[PDB]
Amino acid sequence: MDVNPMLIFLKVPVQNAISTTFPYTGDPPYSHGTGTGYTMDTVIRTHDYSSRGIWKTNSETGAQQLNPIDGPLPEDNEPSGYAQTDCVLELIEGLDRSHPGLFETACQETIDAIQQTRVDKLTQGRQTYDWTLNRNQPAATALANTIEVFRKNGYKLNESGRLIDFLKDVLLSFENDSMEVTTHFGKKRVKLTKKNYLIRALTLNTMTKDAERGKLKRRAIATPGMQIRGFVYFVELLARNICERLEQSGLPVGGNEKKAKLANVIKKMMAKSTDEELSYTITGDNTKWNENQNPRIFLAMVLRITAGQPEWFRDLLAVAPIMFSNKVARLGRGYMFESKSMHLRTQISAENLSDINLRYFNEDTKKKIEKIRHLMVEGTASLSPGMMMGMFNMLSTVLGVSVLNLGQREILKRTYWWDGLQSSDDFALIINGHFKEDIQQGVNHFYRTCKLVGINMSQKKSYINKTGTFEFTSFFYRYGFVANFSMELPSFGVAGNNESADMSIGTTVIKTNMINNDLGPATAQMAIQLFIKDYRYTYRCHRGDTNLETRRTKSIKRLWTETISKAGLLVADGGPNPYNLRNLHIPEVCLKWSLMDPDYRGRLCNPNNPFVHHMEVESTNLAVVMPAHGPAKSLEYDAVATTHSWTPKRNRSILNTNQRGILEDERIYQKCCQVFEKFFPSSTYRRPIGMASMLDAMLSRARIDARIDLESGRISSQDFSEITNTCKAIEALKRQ
Amino acid sequence: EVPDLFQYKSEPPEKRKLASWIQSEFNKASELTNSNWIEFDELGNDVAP
Amino acid sequence: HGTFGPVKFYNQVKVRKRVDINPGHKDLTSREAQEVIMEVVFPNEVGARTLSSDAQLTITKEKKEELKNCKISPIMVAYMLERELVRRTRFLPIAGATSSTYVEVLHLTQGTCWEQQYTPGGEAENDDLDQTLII
RNA sequence: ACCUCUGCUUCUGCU
RNA sequence: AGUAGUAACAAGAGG
Ligand SMILES: Nc1nc2c(ncn2[C@@H]2O[C@H](COP(=O)(O)OP(=O)(O)OP(=O)(O)O)[C@@H](O)[C@H]2O)c(=O)[nH]1
Ligand SMILES: Nc1ccn([C@@H]2O[C@H](COP(=O)(O)OP(=O)(O)OP(=O)(O)O)[C@@H](O)[C@H]2O)c(=O)n1
Ligand SMILES: [Mg+2]
Ligand SMILES: [Mg+2]
């Protein structure tokens, strides 16, 4: 007998054993080295799909810009970007007609949002292209850099603290003759040409996507700069507000809520059907969704959605699409070369690709470079068509939904009709009709309409069957959703935040999976045991009575020998595991509280300890996890802050670079923010408001605090005077 | 100017075909031995039915 | 203080709905909670406006009285107050009682093929009882 | 030679 | 050599 696990499927329905088809106990694929090849690939393909359109040279950047909109209609099934403005507009009008008042409301909310949003909203991004450095930076650092360079060049409406004023500065910055920035050779002032600056403003940096499952080959992603991000933010908010009120939208609802919505859509559909109709479902995906979306079409959508609204808001929202129409892609890190004969290796940059000799390259890469040369401009590649990965998830969703919305019986008046649900490029389409011929025709009508707006159903990725089973973004439906526990396997482990956070995350993951992904009780118990072992090995916090040798053994053994009630020691202090199924939702510190030697407890929970690095209420007890699939998620956890709530050390590589100076700036800033908070503790909870300087606020607060302390008797009259004295000396010293 | 300076080899992997040894390994992986390989850490006592 | 009854085995449809997840909230919006927490933890930084609601006022006094001389970081106190005072919900697959005290132990009482009969310690809400009486 | 620093930091995006 | 796999690692940077 040869063992074959696949034979289980002879008896067990595939969906009921789907877990076994997900190999998520091994390391996922990673890229090594440059992404420049993947960037060139997407640039090339994006142009290829739009190649029968119209070329123009941009007046401001000199970029070669391809425009396939209202281009010739598709003539075969290859992916097309030849979206037709009038067809898009018909669809959006259809969506307006189906949902009276929806556009107006979503606009109203977006307007209120534009008035209320603070500039610091843009600190919420991840790695951001930083034009002042031509390098990526954390979002907040990138924001600060833009603000600082803006003000040095005379743009400072953003001092208001309002995002919309920062947006004004952005557009106004493009009028500048020569934007000054400083590079570090010490320090040199560099003047960007108007054209240089605009190109950087319109840049998306690119890199390859790591750790993506389910695929043989890698692909490129992109990160926009700060000139783009504030405008995209508001377009996507508007689109989100619309998506929330569409029965056919899969966003922004998440796991359980998404499943509930899908189940409702099927239920709705079937109620509306006659008994004599056939019903089929397409498990649907689109080819190269992002590469065939078009900024010019998004511009049309935005203008149509915002019809009748104040012109300032229409024009503000139209900015993001216009910028995307005029975008360029940085080409990444370049390539490395090697000489066998001379045992050497070297790095060339993406910029070198403009004019480097082609003899160094394999044939494939030589062809790519040749194709890309006419697009290259000051080191970047012109990319007028496409949107790049995930830039307008919600607005693109609106386009797909608008096609779903067309399928109503009273619009089509055909022998078929359709409805469904769409999230980005993923969809479930339900087609109904009297005979199979009706189904085919309905599917063709849907497919061809999608083509007319640059949506290209993936033939090899999609399939059709009678309604009852289907798949949607790794949710499997067999007359109702079934579990897929294996999707979650990567989340079973030590999260790597700290000892306190990780215990809570580990037990919660088990509990959540028991509730949501059919993690049975025996396996849940074993999950507890496996987690505890991994935590103990990772953190070297083996039980105090064990005889393993680590750098921590001796100190944990002393804590153990000296402890009276050992059952009260946290696991991280060499204590026993208290967890079983029934108490997974109880923070360890609570669970053991009554069993703790009072002295240990008073140490462990000492608020004066130097380990806990509190920061902000809004980011308290929050971890970031990367699921097997999809974007990074913030994860709330429940834990008492202790000496186990520590913070691991930072990366030190920057010390060896020209950018080491940044570390000093950060240290200074933090010192200023820390002292500020000694005067305004509430600022750790909510963000303080004001145009006053940090110093002025601290002075005003010290004085009036010292006065109340005096009256109330918390402080002597001597102390009080010294405080007001110190204040006066600070007042003075502040005049040089 | 080094004449043989060249992009790093970036080709598809060399293909290989099935051999009997992998199935054989898998048969053996699925078998009982007369050793206990995994020692589990402790749980809290059972209380709920 | 919970009591366990028997486990029974059967198939039951667990339908996804939005349910409350934090017993003991005070049914405040985030702005009422903020207002209250500002008064309790950072009173002098409150700003112009102050609390209309009497619910707000009696919570403030209670909490203010419970937490005088408190030396735990104000960050954790505000964090916990916010978690406590604001009603939070989630969409969960849930076959039986939807009360927050039952939601809290859903992993314990409900499985794919089983129910673990259980009663949490403590009083019901009068609201929950009234609601269940009608059903 | 030998010395110093670095081990995510020129590269990890979006709702 | 080996890892790997569409491009890298097989130490880098500085003195
Ligand atoms: N914006 C955005 N969309 C994502 C991201 N990850 C996945 N998606 C979308 O969600 C879809 C569902 O992903 P999954 O079905 O879990 O995985 P997949 O390998 O793409 O899909 P299969 O073809 O079912 O194997 C993807 O096909 C994308 O359309 C992400 O990080 N960002
Ligand atoms: N990590 C990811 C995965 C997907 N997407 C978005 O989701 C869309 C659909 O993803 P997918 O179907 O995986 O890829 P396509 O771009 O459609 O290409 P194809 O299906 O032909 O592989 C992408 O175009 C992109 O907008 C993203 O932003 N980030
Ligand atoms: Mg796709
Ligand atoms: Mg997809």
Side-chain angles (χ1 to χ4, degrees), chain A residues 27 29-41 124-130 133-139 141-142 204-212 216-225 228-229 232-233 235-244 249-254 290 320 324 329-338 343 345 347 349-351 361-365 368 387-398 423-424 496 624 626 630-633 648-660 662-663, chain B residues 6-15:
Chain A
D27 49 289
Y30 279 78
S31 67
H32 318 222
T34 187
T36 291
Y38 304 124
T39 298
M40 288 195 300
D41 292 344
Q124 294 179 12
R126 298 206 154 71
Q127 291 291 110
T128 292
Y129 175 68
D130 188 340
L133 296 174
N134 202 22
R135 259 82 174 296
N136 288 349
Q137 294 285 282
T141 314
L204 293 92
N205 205 1
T206 68
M207 54 287 307
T208 138
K209 175 64 181 189
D210 290 318
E212 166 186 67
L216 175 61
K217 301 186 178 186
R218 307 289 75 66
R219 55 178 162 189
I221 46 166
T223 177
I228 288 171
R229 279 171 174 253
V232 187
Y233 169 76
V235 172
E236 281 290 284
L237 177 59
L238 167 66
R240 186 183 175 259
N241 290 318
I242 289 163
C243 282
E244 279 188 338
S249 189
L251 303 167
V253 294
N290 74 84
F324 266 79
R330 276 264 145 203
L331 283 168
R333 287 191 295 165
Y335 292 92
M336 291 202 75
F337 305 156
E338 127 164 57
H343 202 228
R345 74 186 167 172
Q347 180 74 58
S349 75
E351 297 67 49
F361 298 95
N362 64 41
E363 284 307 304
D364 282 347
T365 301
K368 281 140 69 149
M387 73 172 185
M388 309 196 88
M389 289 264 286
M391 284 301 103
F392 296 83
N393 300 303
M394 303 308 295
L395 190 64
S396 68
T397 297
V398 174
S423 163
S424 158
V624 181
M626 252 305 201
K633 270 194 163 195
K649 61 163 177 172
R650 301 263 303 264
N651 191 264
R652 305 174 69 72
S653 294
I654 196 190
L655 283 175
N656 297 333
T657 78
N658 294 317
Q659 264 42 50
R660 76 196 67 176
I662 292 172
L663 282 181
Chain B
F6 207 81
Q7 194 177 348
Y8 290 37
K9 180 181 162 169
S10 301
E11 291 170 16
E14 177 185 296
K15 292 175 190 192

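We name chains A, B, ... by the order of the sequence lines, and we start the count at 1 in each one. The figures here come from the full heavy-atom set of this structure, side chains too, leaving out hydrogens, waters and symmetry mates.
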J.: When the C1' atoms of E/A11 and D/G13 are compared, how many Å lie between them, rounded to an integer?
T.: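 Pairwise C1' distance, D/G13 against E/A11, rounds to 29 Å.
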J.: What do the steps show when you test A/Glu236 against A/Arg240 for salt bridge (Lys or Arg N to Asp or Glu O under 4.0 Å), and what is the final call?
T.: CA-CA 6 Å; A/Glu236 281 290 284; A/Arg240 186 183 175 259; over 6 Å; no
J.: A/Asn656 has an atom CG; how far is it from atom P of E/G12, in whole Å?
T.: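 Rounded to the whole Å, the gap is 14 Å.
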J.: Looking only at heavy atoms, which two atoms of A/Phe361 and B/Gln7 are closest? And how far apart?
T.: CA-OE1, 3.3 Å
J.: Mind checking the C1' distance from D/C11 to D/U15? Whole angstroms is fine.
T.: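 About 24 Å, rounded to a whole number of Å.
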J.: What string of B, S and - do you get for nucleotides 8-15 of chain D 5' to 3' if you count protein non-hydrogen atoms under 4.0 Å?
T.: BBBBBBBB
J.: Please tell me whether E/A13 and D/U10 form a Watson-Crick or G-U wobble pair, using a cut-off of 3.5 Å on both distances.
T.: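 Here the two bases do not pair.
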J.: For D/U9 and E/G12, measure between their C1' atoms and round to the nearest Å.
T.: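 Approximately 13 Å lies between the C1' atom of D/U9 and that of E/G12.
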J.: Going by the sign of the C1'-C2'-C3'-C4' torsion, is the sugar of E/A4 north or south?
T.: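 Judging by the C1'-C2'-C3'-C4' torsion, which comes out positive, the sugar of E/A4 sits north.
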J.: Locate the shortest heavy-atom distance separating A/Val235 from A/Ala320; write the atom from each residue and the value.
T.: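 Reported closest heavy-atom pair: CG2-CB, 3.8 Å.
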J.: So what does A/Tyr335 touch, heavy atoms closer than 4.0 Å: a base, only the sugar-phosphate, or nothing?
T.: sugar-phosphate
J.: Take A/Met394 and A/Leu251 through the side chain to side chain contact (heavy atoms under 4.5 Å, CB included) test and state the conclusion after the steps.
T.: CA-CA 7 Å; A/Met394 303 308 295; A/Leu251 303 167; 3.4 Å; yes
J.: Within this structure, what is the OG1-CG distance for the pair A/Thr206 and A/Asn136, rounded to the nearest 0.5 Å?
T.: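 Output value for this atom pair is 9.5 Å.
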J.: From CZ of A/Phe361 over to P of E/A8, roughly how many Å is that when rounded to an integer?
T.: 11 Å
J.: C1' atom, D/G7 versus E/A13: distance in rounded Å?
T.: 13 Å
J.: Rounded to whole angstrom units, what separation is found between the CZ atom of A/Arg218 and the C1' atom of E/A4?
T.: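 A/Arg218 atom CZ is separated from E/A4 atom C1' by 13 Å.
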J.: Can you see if the side chain of A/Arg345 gets near the phosphate of E/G12 - specifically, an N or O under 4.0 Å from OP1 or OP2?
T.: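 Yes, A/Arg345 has a side-chain N/O under 4.0 Å of OP1/OP2 on E/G12.
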J.: Do any side-chain nitrogens or oxygens of A/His32 fall under 4.0 Å of OP1 or OP2 in E/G5?
T.: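 The answer is yes; a side-chain N or O of A/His32 sits under 4.0 Å from OP1 or OP2.
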J.: Could you classify E/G12 for me, syn or anti, using a glycosidic angle within 90° of 0 as syn?
T.: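 Chi for E/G12 falls in the anti range.
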J.: Counting only Watson-Crick or G-U wobble geometry with both distances under 3.5 Å, does E/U6 pair with E/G2?
T.: no
J.: For RNA chain D, what residues of residues 6-14 of chain B have any heavy atom nearer than 4.0 Å?
T.: none
J.: Looking only at heavy atoms, which two atoms of A/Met387 and A/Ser396 are closest? And how far apart?
T.: CE-OG, 4.1 Å
J.: Can you tell me if the sugar in D/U10 is north or south, using the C1'-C2'-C3'-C4' torsion?
T.: south
J.: If we check the six-membered rings of D/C11 and its strand neighbour D/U12, are the centres under 5.5 Å apart with planes under 30°?
T.: no
J.: If you compare all heavy atoms of A/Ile654 against all heavy atoms of A/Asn651, which two are closest, and at what distance to 0.1 Å?
T.: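 The pair with the smallest heavy-atom distance is N-OD1, 4.4 Å.
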J.: North or south: which describes the sugar of D/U6, going by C1'-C2'-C3'-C4'?
T.: north
J.: Shortest non-hydrogen contact from A/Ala239 to A/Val398?
T.: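 The pair with the smallest heavy-atom distance is O-CG2, 4.1 Å.
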J.: Nearest-Å distance, CD (A/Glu363) to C1' (E/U6)?
T.: 15 Å
J.: Calculate, to the nearest 0.5 Å, the distance between atoms OG and CD belonging to A/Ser31 and A/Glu212 respectively.
T.: 10.5 Å
J.: Counting only Watson-Crick and G-U wobble pairs, both distances under 3.5 Å, are D/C11 and E/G12 paired?
T.: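 D/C11 and E/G12 do not meet the Watson-Crick or G-U wobble geometry.
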J.: What's the shortest heavy-atom distance between A/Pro224 and A/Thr128, and which atoms?
T.: O-CG2, 3.7 Å
J.: What I want to check is whether the side chains of A/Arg229 and A/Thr223 have a donor and an acceptor closer together than 3.5 Å.
T.: yes
J.: I'd like to know if D/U6 and E/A11 make a pair - Watson-Crick or G-U wobble, with both distances under 3.5 Å.
T.: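 WC or G-U pairing between D/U6 and E/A11: yes.
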J.: When the P atoms of E/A4 and E/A10 are considered, how many whole Å apart are they?
T.: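 These two P atoms come out 15 Å apart once rounded.
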J.: Using the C1' atoms only, state how far E/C9 lies from E/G5, rounded to an integer number of Å.
T.: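 Looking at atom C1' only, E/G5 and E/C9 are 12 Å apart.
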